[PDB]
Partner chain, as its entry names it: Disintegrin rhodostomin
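Single chain ahead, by itself, as structure tokens, in the form deposited without its partner chain.
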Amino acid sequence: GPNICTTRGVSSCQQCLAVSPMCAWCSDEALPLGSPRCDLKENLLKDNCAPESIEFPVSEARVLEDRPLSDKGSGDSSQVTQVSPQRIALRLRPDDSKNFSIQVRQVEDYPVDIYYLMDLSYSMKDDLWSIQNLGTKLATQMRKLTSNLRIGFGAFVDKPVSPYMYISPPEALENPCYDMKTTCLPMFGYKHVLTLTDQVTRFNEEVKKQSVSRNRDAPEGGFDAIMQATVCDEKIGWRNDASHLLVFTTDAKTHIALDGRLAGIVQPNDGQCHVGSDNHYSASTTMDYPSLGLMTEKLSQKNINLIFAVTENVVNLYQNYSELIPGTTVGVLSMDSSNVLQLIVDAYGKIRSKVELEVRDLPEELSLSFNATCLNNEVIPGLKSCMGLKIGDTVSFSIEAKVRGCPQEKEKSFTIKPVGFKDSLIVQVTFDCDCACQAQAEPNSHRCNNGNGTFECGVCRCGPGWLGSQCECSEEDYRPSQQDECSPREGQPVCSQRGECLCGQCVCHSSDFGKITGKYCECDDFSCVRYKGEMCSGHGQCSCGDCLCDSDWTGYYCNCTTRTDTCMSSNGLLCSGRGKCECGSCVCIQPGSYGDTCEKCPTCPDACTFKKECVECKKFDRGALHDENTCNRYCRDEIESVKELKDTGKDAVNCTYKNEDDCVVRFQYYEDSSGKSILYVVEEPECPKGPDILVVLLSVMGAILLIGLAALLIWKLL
């Protein structure tokens, strides 16, 4: 059929192939009356013309280098290769999209280095006493997960500048805590003391030699310390072949950018390291606090995971900050900082139980769409990150790349990287929108009307208007006018009142506001929807008046979004399983639910209502709907057999499950604020002893039989 290659083309191989993703060109000479050289490959094959000269470029996704994913990382970590493939090359024809797949795995044991950054404000003094013997305990607890561990320490109070300091009296300069009769060190912004070393005893030795300072303003400038630790890789010694952890412990608010106006500092912050041989922040008094954007950028560049181990009084603020910075985890730190060890131990698993992907060096020319595959063959469309993973779990991500035209560079490259990992995929894209036959050139050929034109791939393009099939109609020539070759379905104005009927064809004109193309000058740009000063929503390019969407978008205006990252809840189900996600917004089908993810429902049935099936296998290894494999398919809660029955769980309440045995099974559901939902179930539930008639009736019939035997023996004697 005509399709779209036959129309809107037939001018040259370049445009002919640049119309639709599926068009073919017949360079070999053939009958020119069959409208050839722009049609589906099948039509050309039916018309022959395939002597190894058929031109039909197709997209390719050849893998250059690929290595198997390692099982365990213990030695020679330079080739762990936890992300495969490592580097692939893509060749895309104009306006065509191609898909590939990648796999991400955590390689069991992996070296870990942890840098401990602790505030040293007066209120933190007691906390410093509870860390004097943390290195050995941390090493012992972490030995079960990592066989190569390094630890470090840091400090920070605030900018040494008024009004943050006590400038007067002079004695306060060397002893701010002089009113309360105590000894304290002068204020400092950031004081690195211990570099990342494998010697555990060094961490203990360095601690208990430190002190605590004092300041006036309640907020503490910890972002400066975080940025200095992140950027100054050599000073503290981050290791490129290990997982990075940065524990940030604080008990007060944190300053942000533009807060230095009070102290007179106005210079914007820069990420260049400013830690000298004295191990202090030289530019603390002359550099402003860093903004969240720069902090996140420099934290992602260096692949540093952040743990906000903060007190309960400011936990909400750091939770709100956490959802902005990717790869960050929050935690509650006790007043005496005695929960730091377990907090970091569990936060390690929490952070390693999350896989995301980020794109770097992505040119604006092309766009990417993502599908994720969590554990099992289940696939969540429009998602680049999977939750609810564990150590050694393997996940898959399908990435589709779509381009617009062919940029005049022919060499582009970008990278897809999981957060907090050195290994990443390097994707090289080369655009091929030029036909091979064009290399023949033949700028002057006698077939182009005695060498006054150009010949290309079987067609003569000649002069500034010479467009006849034989390169003879010229521009001012062809004065006599023919018919049935300038308008379709005669009865309408020629060239749609836009163009001139010359050489037997409608030459479109008025190259203003864009370009006009088409066998009848009907398709054109600058005739599409305008959302906000941008055509076709500014995402995709519109062809022939249709707002052709680009990747990540689908709609008439191409404003609706396909990726569902924003509409994913924390339970691993889209929109909390109580609604759908459309254009990046959750619509809650279930009544009585509202919120960003349809999660804040106050009037829904309690959890235990749908938890009956989950607890069936744990306590019985049987039950209805066992074919679906409901034992562990949707409920991640852990069931424990404990008869304590006296737990003081604030966010917990007892409930009951009914069994076919007619015995009520009372169990507790605790929804911890950390997300570790746990069920406490009493084993062998006490079924009341009902049946007591069998013995009675057996005794009655035995007595009746005895009476009958007595009668029988009386008869025998008689």
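Residue numbers count along the first chain shown, from 1.
Separately, the form deposited with its partner chain bound exists; it is not shown, and the next lines address it.
Heavy atoms of residue 216 reach within 4.5 Å of its partner chain in the deposited bound form, making it an interface residue. Interface membership of residue 106, defined by any non-hydrogen atom within 4.5 Å of its partner chain in the deposited bound form, is ruled out. Though the partner is left out of this view, residue 421 does not reach within 4.5 Å of its partner chain in the deposited bound form, counting heavy atoms only. When its partner chain is considered in the deposited bound form, residue 100 lies well away from it, no heavy atom lying within 4.5 Å. Stretch-level contact analysis of 116 to 124, 340 to 348, 239 to 247, 195 to 203 against its partner chain in the deposited bound form, using heavy atoms and a 4.5 Å limit, identifies 116 to 124.
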